[PDB]
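Read-outs throughout are calculated quantities, based only on the coordinates presented, and are distinct from any laboratory measurement. Here the Cβ positions follow ideal geometry from the backbone for every residue, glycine too, while neighbour counts run over all protein chains shown.
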Amino acid sequence: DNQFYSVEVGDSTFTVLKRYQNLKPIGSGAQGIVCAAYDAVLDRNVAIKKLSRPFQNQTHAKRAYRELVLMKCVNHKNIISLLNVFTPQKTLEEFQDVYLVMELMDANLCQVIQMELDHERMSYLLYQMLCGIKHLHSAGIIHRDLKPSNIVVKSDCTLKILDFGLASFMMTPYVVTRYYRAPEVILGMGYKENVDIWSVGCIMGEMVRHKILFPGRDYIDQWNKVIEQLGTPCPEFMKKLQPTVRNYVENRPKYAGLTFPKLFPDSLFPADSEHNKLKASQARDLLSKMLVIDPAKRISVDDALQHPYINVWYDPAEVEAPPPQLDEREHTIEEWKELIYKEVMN
Ligand SMILES: CNC(=O)c1cc(-n2ncc3cc(Nc4c(F)cccc4Cl)c(CN4CCC4)cc32)cs1
């Protein structure tokens, strides 16, 4: 009779449509754990995420709404697309939880980062991250918080970005990973498209180094790590800083910054064949153009896609997809509950 059934998964209750069978945990993270399942209607493995009362506060509310709305503005194989959205609640009044369903993938990008990867796979993951980003930007979406824990891959080396970035405070123990954020974001500057190239550079760099490039308890520690390694930015970069942030960054110790062979020595790269020796120097060259503090000197998404490290994968039908609601206003719980509910059933 009921379309739904409930099963305890790790600790959470999943109330899902009966088409989804054999639920099992695959990890948690931020708002809501996720489960793998077999979808008996489509005869394929899916991943199901529970948003628990996403209207309970503005942080959870804004991004649940945002991501439901933005889902319909993108259509690209390196960007999440949902297979199903449902609530087991029957009315706005009883409405509580949202479930999102997508293709089951094989691994998060964090796991892939810990592997020794050839150049063909590294360059292909990067190519795909750049294609996704480009799709987002062409749709008017600038991410600003790309990070590996929100990127997933299949065994065939294919890759999907799962979130849409920045639009705060939550009483939960959940903690925000900030290490992949551009200087523009760390320092509250204007930004444009290539804010996201920085994050691609932090990921690429960590794939080679197998350590977070710019760790830290908060932006104070993080900024220090940026300047220690890349050096103090030029005066031209300083003039773009708001007067108070500007005074702070100019009074930090001036650092020369290490060269990019020093920051990513040859020992980190496969370099046994001539082919691999060349790919190493191409990898480092691209890194040196992405990990650039000043966005006015940082390479763009389009030029990074033409870099020799990356463009061996270039296909016109992959980079230029056809492009295609705005509410970040402060709402109460009630407004947000109805806004999300409506999107859930359109
Ligand atoms: C044997 N396979 C495995 O072990 C693995 C497979 C996965 N995988 N595949 C798809 C997927 C999706 C998300 N979330 C999600 C969802 F589930 C449904 C709709 C929208 C979204 Cl955003 C998560 C959770 N991650 C992302 C940060 C925590 C992991 C995911 C990774 S490991």
> Can you give the FRET efficiency for residue 158 and residue 281, using 1/(1 + (r/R0)^6), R0 = 22 Å, r = Cβ-Cβ distance, to the nearest 0.05?
Replying inline: 0.20
> DSSP loop chymotrypsin sites (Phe, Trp or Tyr not before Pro) in the stretch 222-323 with at most 15 other Cβ atoms within 10 Å of their Cβ, which ones?
Replying inline: 255, 314
> Hey, what do the phi angles of the stretch 337-344 turn into as Karplus ³J(HN,Hα) couplings, whole Hz, using 6.51/-1.76/1.60 and θ = phi - 60°, x for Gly and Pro?
Replying inline: 4, 5, 4, 5, 3, 4, 4, 3
> Along the stretch 305-312, what does the Karplus equation 6.51 cos²θ - 1.76 cosθ + 1.60 (θ = phi - 60°) give for ³J(HN,Hα), rounded to whole Hz, x for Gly and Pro?
Replying inline: 6, 8, 4, x, 4, 9, 6, 4
>> On a straight-distance basis, which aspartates and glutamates could pair with residue 18 in a cross-link, Cα separation under 19 angstrom, same-chain partners fewer than 8 positions away excluded?
In response: 1, 8, 39, 43, 97, 103
>> Out of the trypsin sites (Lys or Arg not before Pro) in the stretch 1-78, which ones are loop residues according to DSSP with at most 11 other C-beta atoms within 10 Å?
In response: 18
> Around residue 34, which amide H atoms from residues at least 5 apart in sequence, or from another chain, sit under 5 Å from its own amide H, with H modelled in the peptide plane?
Replying inline: 26, 27
> Can you run phi through the Karplus equation (6.51, -1.76, 1.60; θ = phi - 60°) for the stretch 239-256 and list ³J(HN,Hα) in whole Hz, with x for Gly and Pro?
Replying inline: 4, 8, 7, 4, x, 6, 4, 3, 4, 5, 5, 5, 9, 5, x, 6, 10, 5
>> With unit charges on the beta carbons (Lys and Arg positive, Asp and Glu negative) and the dipole taken about the Cα centre of the chain, which residue among 238, 309, 339 sits farthest to the positive side?
In response: 238
> How big is the Kirkwood radius of the chain, worked out from every pair of different alpha carbons and given in Å to one decimal?
Replying inline: 21.8
>> Can you tell me how the stretch 278-333 classifies by the Cα gyration tensor, rounded, prolate or oblate, using a/c under 1.5 as the rounded cut?
In response: oblate
> Given the chain, what percent of its DSSP beta bridges are antiparallel, to the nearest 5?
Replying inline: 95
>> Going Cα to Cα from residue 147, which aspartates and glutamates come in below 15 Å? Please leave out same-chain ones fewer than 8 positions away.
In response: 163, 196, 206
> How much net charge surrounds residue 238 when only other residues with a Cβ under 10 Å from its Cβ are counted (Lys, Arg +1; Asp, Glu -1)?
Replying inline: 0
>> Less than 15 Å Cβ to Cβ from residue 184, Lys/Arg counted +1 and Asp/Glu -1: what total charge do the surrounding residues give?
In response: +4
>> What is the sum of charges, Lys and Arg at +1 and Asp and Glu at -1, for the other residues whose Cβ falls under 12 Å from the Cβ of residue 229?
In response: +3
> Check residue 9: other-chain or 5+ apart residues with amide H under 5 Å from its amide H, H built from backbone geometry?
Replying inline: 14
> Within the stretch 25-94, which GluC sites (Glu not before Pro) sit in a loop by DSSP and count at most 12 neighbouring Cβ atoms inside 10 Å?
Replying inline: 93, 94
